[PDB]
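Reading through the structure tokens given below for one structure.
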């Protein structure tokens with residue numbers, strides 16, 4: 201089955217179905233449906249299997265010809281082979297759904313600066329498709345890995361433009377596909393498939409297949425008695441996973461967090477509530493109230509407050525679709541792709557049109573402008589494409618369809634970023650996040666400690682009095698280490714914890730949150746406005 | 348395909364211009380020979396992509412008498428060497444035999460890139476051959492009959508010698524369309540599609556299409572058809588194409604969602620917009636209004652004011668004061684009152700990594716300005732580019748280049764035949780007097796802070812969009828809003844509305860106690876010392892009137 205693929209499966213179902221699931225004379229009513237799509241991603245996971253399955257679900261000829269099996273030694277035979285296949289597709293259009301499936305177009309497309317015959321090949325298949333446009337039921341699915349690998353000249357409108365990625369290896373789909381694979385394999389009954397799954401970060405389905413493969417392989421190897429029924433044990437499974445190569449590689457944090465895992469600065473909490481989530485009720489609120497929605501807000505606090513936690517809690521308290529934007533997710537070794545993934549995630553926001561998009565630590569996402577004057581050009585290119593795309597606007601004038622994503626950013630070095638970002642019209646609100654006061658310290662200690670083994674001797678208020686210049690993470694690591702001391706030292710197998718260990722751990726973690734740095738931070742990024 | 352003038356939308360003036368520059372020769376060339384005055388070899392078309400001038404080309408081609416013949420850059424310039432020229436000369440001669448014919452080329456800069464801007468000497472051989480061929484179009488046997496047509500975005504990357512006379516004289520611009528133009532081309536498209544729309548909300552939809560392009564309008568039409576189709580499908584499970592066709596009727600919401608799904612490709616270049624804001628949107632400014640209308644209307648009186656005495660053609664008016672405080676609003680207001688055209692250039696954006704391309708933008712800006720002569724250039728935040736050199740060693744270079752080229756453009760003050768320039772900034776000192784030297788930008792006005800009546804007018808324009816309570820009292824509001832700016836006070840009442848919303852997510856009227864609360868929260872981040880400095884500069888500067 202289409203394990204871990206049914207969502208992309210059905211999206212592509214409707215998309216490619218639109219010309220096929222419904223007749224043509226309506227197109228003849230003055231409409232030209234796009235024809236020819238792209239499936240980009242690591243294959244073997246089911247891409248082939250899924251295109252099979254969907255041509256089935258609609259009812260269509262699974263003409264699963266492998267275009268890599270058409271290479272020619274002399275220019276001209278290749279074009280005749282393509283004539284053969286595309287003509288059979290044409291007679292298929294003469295009969296019904298010509299669901300031509302041609303894989304690995306990029307190997308048939310070495311991009312510019314390459315030799316000549318690629319030109320003949322691509323132009324000739326272009327003739328084929330542009331002519332068969334006249335025919336009634338001509339559709340092709342180029343199956344590759346990355347769209348960038350294909351011919352640029354094959355990405356025009358009225359050409360291969362409807363492109364979709366293979367399924368990103370999600371947890372849910374991971375479990376689905378493990379079960380689907382083993383649905384024909386005699387794995388052991390007791391299987392904590394979720395454990396192995398969460399071990400298999402970044403591992404696409406096919407990787408998981410292969411992993412199970414070698415697992416059962418060594419199972420059969422180091423066992424000989426039950427030659428037919430293997431209890432393919434989770435131990436051999438684990439060891440195989442260990443042996444296996446790591447994965448080759454917009455990850456939304458599935459982890460939900462509420463307003464309880466966070467205390468202090470409830471003023472800023474209510475502010476975020478003001479300028480972000482009330483917009484949900486907006487379609488009638490500003491009506492009886494006037495004021496519009498501020499496009500962009502920028503929350504700034506000292507590095508160490510883990511603002512990301514607050515952002516994720518916000519994303520939790522709204523149910524709105526959420527995607528994250530991080531530099532580590534961004535800094536891939538492909539120059540010119542950062543802008544691309546930016547556009548991609550914004551397009552996804554448009555897709556799940558109610559969308560909240562987070563721009564973390566943008567000083568990392570966008571470094572300095574003119575500090576290193578030799579390698580900071582593509583960064584300004586991302587700057588330009590950002591300043592362009594950040595213009596999400598609508599009718600919004602005196616029922617309403619609230620099709621308007623929202624963008625929120627946060628960082629620690631705003632004095633580094635490009636000043637035009639803060640443009641009234643792009644980022645029309647900025648909020649401050651001071652490190653907690655005595656009360657905030659007390660509260661965040663209380664809430665971070667509500668699961669550690671507490672003893673009847675501690676007095677959090679004293680730490681609060683003395684744990685000044687402490688970040689959230691500071692206090693969290695502090696109570697952590699102190700618990701460790703208490704437990705190990707006294708109770709090798711313990712029950713309680715004493716405050717003495719916190720007192721001792723104080724110096725162990727040197728709090729370098731100098732109040733002068735606080736004043737510097739504040740003055741800088743309050744004049745940043 | 349029978350591509351007819353009856354299909355091409357907008358561009359009316361340019362249509363007439365091309366039609367006339369081409370028709371008379373292609374009608375009575377022996378009149379031209381009787382005059383002995385030469386017949387124009389070619390005409391250079393230009394304009395950003397998207398508007399696919401090829402439309403115009405094939406249109407005029409199959410319109411009157413032309414035998415079409417087309418060649419395109421990325422279609423011709425392969426790894427051949429002179430075989431490009433071979434194909435070229437062959438087309439040229441064969442269509443010469445076909446004297447009633449017209450050759451066109453797109454991306455003419457592509458086939459012929461810059462000499463210093465390219466490397467492949469083969470391409471320059473092709474350049475030279477094209478030159479020779481075009482002189483073969485200045486040939487006697489067929490004097491002025493092989494009309495060459497060149498069209499590409501970049502006029503810069505073109506080869507200089509192509510501008511030598513008798514080779515490429517008439518440069519016709521086809522820029523991004525305008526509100527009325529968008530509407531026209533949209534109608535001409537929609538001509539043959541069942542729809543249920545009224546031309547007023549249609550004009551609304553047109554207004555929506557900022558930075559939109561024709562080709563993208565066609566894509567919009569197709570998209571909307573598709574989506575209305577989808578809408579119908581979401582009411583019938585199954586059906587044959589007959590009733591489908593019988594029911595598809597494009598409506599407004601269709602177009603709305605359609606436009607909202609696909610974004611256009613324009614809006615990187617300049618655009619001849621139209622001032623939408625009104626004097627009915629700002630309060631007071633009485634003497635400001637009068638002095639401004641005077642400043643803009645005198646340059647047409649200076650014919651007769653010179654007839655009276657004759658002294659000077661004063662042009663440059665410069666406002667200055669607090670930051671963005673309704674100033675640009677006043678600018679657009681005068682713009683709409685005059686009915687002229689607006690070309691905004693926001694200062695700080697002028698910084699681009701592309702060394703000189705900012706200059707290039709300024710250059711095409713002034714070109715279009717001239718082309719639309721009854722128009723007004725605008726500037727804002729001049730001090731951004733006007734940070735003096737030496738501070739930033741590697742950054743102020745493009746800045747001074749840009750400022751120099753700016754002076755170099757404005758120089759055509761005579762050429763600026765009543766083409767006024769309005770600018771405004773906050774700290775006028777930071778500029779160079781190369782702009783404040785007499786003749787160019789001399790009339791100056793400090794924008795006075797809003798008086799009580801202006802504040803009350805701001806309050807009226809605010810209350811006219813929010814349901815407010817009756818405990819309002821304009822008096823003490825105006826009292827406790829001094830040292831503030833208008834837009835700031837708008838934000839104040841906005842936040843008071845937010846506070847009432849905090850009182851209840853479904854309340855109706857905002858309470859003025861919460862207004863006073865907001866007043867306490869908001870602080871005037873502008874000290875009176877700033878006004879002192881403003882008025883001091885006013886006193887210690889050059890001319891005001």
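Protein chains in written order, with the entry's author numbering: chain P, 201 to 449, 454 to 602, 616 to 746; chain L, 348 to 892.
Ideal Cβ positions, reconstructed from N, Cα and C, are used throughout, including at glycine.
(message) What does DSSP give as the partner residue(s) for residue 542(L) in the beta ladder?
(response) Along the second chain, read from residue 1 onward, the residue named residue 542(L) stands at position 195. According to DSSP, residue 542(L) bridges with 597(L).
(message) Short of 7 angstroms Cβ to Cβ, which residues in the segment 570-586 of chain P face chain L?
(response) Result list: 574, 577, 581 and 584.
(message) Strictly under 8 angstroms for the Cβ-Cβ distance: is residue 638(P) near chain L by that measure?
(response) Within the first chain, the letter at position 421 stands for residue 638(P). For residue 638(P), the answer is no, since every Cβ of chain L falls outside 8 angstroms of its Cβ.
(message) 8 angstroms is my cut-off, CB to CB: does residue 620(P) come that close to chain L?
(response) One-based indexing of the first chain puts residue 620(P) at position 403. With its beta carbon less than 8 angstroms from one in chain L, residue 620(P) belongs to the interface.
(message) Please tell me whether residue 550(L) and residue 606(L) are closer than 8 angstroms, where the distance is taken between their beta carbons.
(response) Numbered from its first residue, the second chain carries residue 550(L) at position 203. Numbered from its first residue, the second chain carries residue 606(L) at position 259. Not a contact, by the Cβ cut-off of 8 angstroms.
(request) Tell me where the alpha helix (DSSP H) around residue 512(P) begins and ends. (result) Along the first chain, read from residue 1 onward, the residue named residue 512(P) stands at position 308. Looking at the DSSP string, the run of the alpha helix (DSSP H) that includes residue 512(P) is 511-520.
(message) Closer than 8 angstroms between beta carbons: that is the criterion. Which residues of the segment 213-225 of chain P meet it against chain L?
(response) Here the close residues are 218, 222, 223, 224 and 225.
(message) So, at 6 angstroms on beta carbons, what are the nonlocal neighbours of residue 524(L) in its own chain, with the 5 sequence-adjacent residues on each side left out?
(response) Here residue 524(L) corresponds to residue number 177 of the second chain, with the count starting at 1. 357.
(request) Have a look at residue 686(L) and residue 826(L) and give me their C-alpha separation to the nearest angstrom. (result) The residue given as residue 686(L) occupies position 339 in the second chain. The residue given as residue 826(L) occupies position 479 in the second chain. The straight-line gap from Cα to Cα measures roughly 37 angstroms.
(message) I want to see whether chain P comes within less than 8 angstroms of residue 462(L), judged by CB atoms only; does it?
(response) Walking along the second chain from the start, residue 462(L) turns up at place 115. Taking Cβ atoms only, chain P never reaches closer than 8 angstroms to residue 462(L), which makes this a no.
(request) Return helix, strand or coil for residue 325(P), following the three-state DSSP convention. (result) Sequence index remark: in the first chain, residue 325(P) carries index 125 (1-based). Helix at residue 325(P).
(message) How far does the beta strand (DSSP E) with residue 518(L) in it extend, from its first residue to its last?
(response) Position 171 of the second chain, counted from the first residue, corresponds to residue 518(L). For residue 518(L), the enclosing beta strand (DSSP E) has its first and last residue at 517-520.
(message) Considering only the alpha carbon of each residue, which of 710(L), 563(L), 892(L) and 760(L) lies closest to residue 692(L)?
(response) Counting from 1 along the second chain, the entry for residue 692(L) is found at position 345. 710(L) is the residue among 710(L), 563(L), 892(L) and 760(L) whose C-alpha sits nearest the C-alpha of residue 692(L).
(message) Just list the residues that DSSP pairs residue 663(L) with in beta bridges.
(response) Indexing the second chain from 1 puts residue 663(L) at position 316. BP columns for residue 663(L) point to 788(L).
(message) For residue 495(L), tell me which candidate among 501(L), 433(L) and 404(L) has the shortest Cα-Cα distance.
(response) Taking the first residue of the second chain as position 1, residue 495(L) is located at position 148. Comparing Cα-Cα distances from residue 495(L) to each of 501(L), 433(L) and 404(L), the minimum goes to 404(L).
(request) Report yes if the CB atom of residue 732(L) is closer than 8 angstroms to the CB atom of residue 782(L), and no otherwise. (result) For the purposes of this step, residue 732(L) is identified with residue 385 of the second chain, where counting begins at 1. For the purposes of this step, residue 782(L) is identified with residue 435 of the second chain, where counting begins at 1. With contacts defined as CB atoms closer than 8 angstroms, residue 732(L) and residue 782(L) fail to qualify as a contacting pair.
(request) Determine whether the Cβ of residue 500(L) lies closer than 8 angstroms to any Cβ atom of chain P. (result) In the second chain, the residue the question calls residue 500(L) occupies position 153. So no, residue 500(L) is outside the interface.
(request) Output the distance between the C-alpha atoms of residue 322(P) and residue 454(L), rounded to the nearest integer angstrom. (result) For the purposes of this step, residue 322(P) is identified with residue 122 of the first chain, where counting begins at 1. For the purposes of this step, residue 454(L) is identified with residue 107 of the second chain, where counting begins at 1. If I take the Cα positions, the gap works out to 22 angstroms.
(request) Would you mind giving the Cβ-Cβ distance between residue 700(P) and residue 670(P), rounded to the nearest angstrom? I have them listed as a contact below 8 angstroms. (result) Against the first chain, residue 700(P) aligns to sequence position 483. Against the first chain, residue 670(P) aligns to sequence position 453. About 7 angstroms; that satisfies the 8 angstroms criterion.
(message) For residue 632(P) and residue 586(P), I'd like the C-alpha separation in whole angstroms.
(response) Here residue 632(P) is taken as the residue at index 415 of the first chain, counted from 1. Here residue 586(P) is taken as the residue at index 382 of the first chain, counted from 1. Taking the straight line joining both Cα atoms gives about 18 angstroms.
(request) Taking only heavy atoms of the ligand ZN into account, decide whether any of them is closer than 7 angstroms to the Cβ of residue 297(P). (result) What this structure holds is no ligand at all, so the ligand ZN is not there to describe.
(request) Count the other CB atoms, across all protein chains shown, that sit within 10 Å of the CB of residue 523(P); report buried if there are 16 or more and exposed otherwise. (result) Taking the first chain and counting its residues from 1, one reaches residue 523(P) at position 319. Under this definition residue 523(P) is an exposed residue.
(request) Within the same chain, show all residues whose beta-carbon is closer than 8 angstroms to that of residue 243(P), passing over the 5 residues directly before and after it, in chain order. (result) For the purposes of this step, residue 243(P) is taken as the residue at position 43 of the first chain. Cβ within range, chain order: 303, 343, 345, 366 and 406.
(request) Give me the Cα-Cα distance between residue 667(L) and residue 772(L), rounded to the nearest whole angstrom. (result) By 1-based counting over the second chain, the position of residue 667(L) is 320. By 1-based counting over the second chain, the position of residue 772(L) is 425. Counting only the Cα atoms, residue 772(L) lies some 5 angstroms from residue 667(L).
(message) Is it buried or exposed, residue 289(P), if we count other Cβ atoms within 10 angstroms and call 16 or more buried?
(response) For the purposes of this step, residue 289(P) is identified with residue 89 of the first chain, where counting begins at 1. Residue 289(P) should be labelled buried.
(message) Taking the beta carbon of residue 587(L) as the centre, do at least 16 other beta carbons fall within 10 Å, making it buried, or is it exposed?
(response) For this step, residue 587(L) is matched to residue 240 along the second chain. The residue in question, residue 587(L), is exposed, as its Cβ has fewer than 16 Cβ neighbours within 10 Å.
(request) Quick one: measure Cβ to Cβ for residue 515(P) and residue 646(P), integer angstroms, because I've assumed they're closer than 8 angstroms. (result) Indexing the first chain from 1 puts residue 515(P) at position 311. Indexing the first chain from 1 puts residue 646(P) at position 429. With a Cβ gap of about 15 angstroms, residue 515(P) and residue 646(P) do not count as contacting.
(message) Residues of the segment 695-711 of chain P in Cβ contact with chain L at a cutoff of 9 angstroms, in chain order, please.
(response) Taking 9 angstroms as the cut-off between beta carbons, none of the residues of the segment 695-711 of chain P comes near chain L.
(request) Check residue 658(L) in the structure and name its three-state DSSP category. (result) Here residue 658(L) corresponds to residue number 311 of the second chain, with the count starting at 1. Here residue 658(L) sits in coil by DSSP.
(request) Output yes if chain L places a C-beta closer than 8 angstroms to the C-beta of residue 478(P); else output no. (result) As a position in the first chain, residue 478(P) is number 274, starting the count at 1. Chain L contact via Cβ: present.
(request) Take every Cβ of the segment 369-384 of chain L, pair it with every Cβ of the segment 436-446 of chain L, and state whether three or more of those distances are shorter than 8 angstroms. (result) Because the criterion of three Cβ pairs below 8 angstroms is not met, the segment 369-384 of chain L and the segment 436-446 of chain L do not touch.
(request) Have a look at residue 541(P) and residue 512(P) and give me their C-alpha separation to the nearest angstrom. (result) In the first chain, residue 541(P) corresponds to position 337, counting from 1. In the first chain, residue 512(P) corresponds to position 308, counting from 1. In this structure, the CA atom of residue 541(P) is about 24 angstroms from the CA atom of residue 512(P).
(request) Provide the residue(s) that pair with residue 432(P) in DSSP beta bridges, ordered along the chain. (result) Stepping through the first chain from its first residue, residue 432(P) is reached at position 232. For residue 432(P), which the question treats as bridged, DSSP gives the partners 387(P).
(message) When you compare the segment 483-496 of chain P with the segment 529-541 of chain P, are there three or more beta-carbon pairs, one atom per stretch, that lie closer than 8 angstroms?
(response) For the pair of segments examined, the segment 483-496 of chain P was found not to touch the segment 529-541 of chain P: the number of CB pairs separated by less than 8 angstroms stays below three.
(message) Using C-beta distances below 6 angstroms, list every residue in its chain close to residue 869(L), excluding the 5 sequence neighbours before and after it, in chain order.
(response) Here residue 869(L) corresponds to residue number 522 of the second chain, with the count starting at 1. When the five nearest sequence neighbours on each side are left out, the beta carbons in the same chain lying within less than 6 angstroms of the beta carbon of residue 869(L) are those of 839, in order along the chain.
(request) Quick one: which residues of the segment 488-513 of chain P get their C-beta closer than 8 angstroms to a C-beta of chain L? List them in chain order. (result) Contact annotation: in the segment 488-513 of chain P, residues whose CB is within less than 8 angstroms of a CB in chain L are 489, 492, 493, 494 and 495.
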